[PDB]
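Quick notes on the structure that follows.
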Amino acid sequence: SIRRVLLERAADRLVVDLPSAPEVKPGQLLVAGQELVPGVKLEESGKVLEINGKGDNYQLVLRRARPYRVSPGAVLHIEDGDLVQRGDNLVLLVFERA
Numbered sequence: 877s878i879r880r881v882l883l884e885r886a887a888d889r890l891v892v893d894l895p896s897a898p899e900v901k902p903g904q905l906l907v908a909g910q911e912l913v914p915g916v917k918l919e920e921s922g923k924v925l926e927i928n929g930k931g932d933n934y935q936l937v938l939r940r941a942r943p944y945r946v947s948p949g950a951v952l953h954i955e956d957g958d959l960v961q962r963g964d965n966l967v968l969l970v971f972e973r974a
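Residue numbers (the authors' numbering): 877 to 974.
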């Protein structure tokens, strides 16, 4: 019995238009703000799915992906593959509070 099923919305996908050949391959996780064109940087982070384009313009479709850094020594409550909800606890960090 399947607990959670996600549906990838079409509006949740972003399309990015650029006039030069990018530096990407399908399968790389990218952080927003870094270089795609000299002078142009993409505004929202995420993973690239497919590249469409030939000539003087490129169509770069996206899927939104927000990264989260974990500290060495953190207790992980979940692994990769299962699905999380909004506000769902994933990790526990150890720290010193003043």
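We put the CB at the ideal spot given by N, CA and C, even for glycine.
For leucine 969, there is no enclosing beta strand (DSSP E), as DSSP gives it neither H nor E. Take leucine 905, set aside five residues on each side of it, and the residues of its chain with a beta-carbon closer than 6 Å to its own are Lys923, in chain order. Contact annotation: the segment 888 to 897 touches the segment 933 to 940, with at least three C-beta pairs closer than 8 Å. Collapsing the DSSP output to three states places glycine 909 in coil. Of the candidates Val946, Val960, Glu899 and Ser947, the residue whose Cα lies closest to the Cα of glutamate 926 is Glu899. Assigned with DSSP and collapsed to three states, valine 881 falls in coil, not helix or strand.
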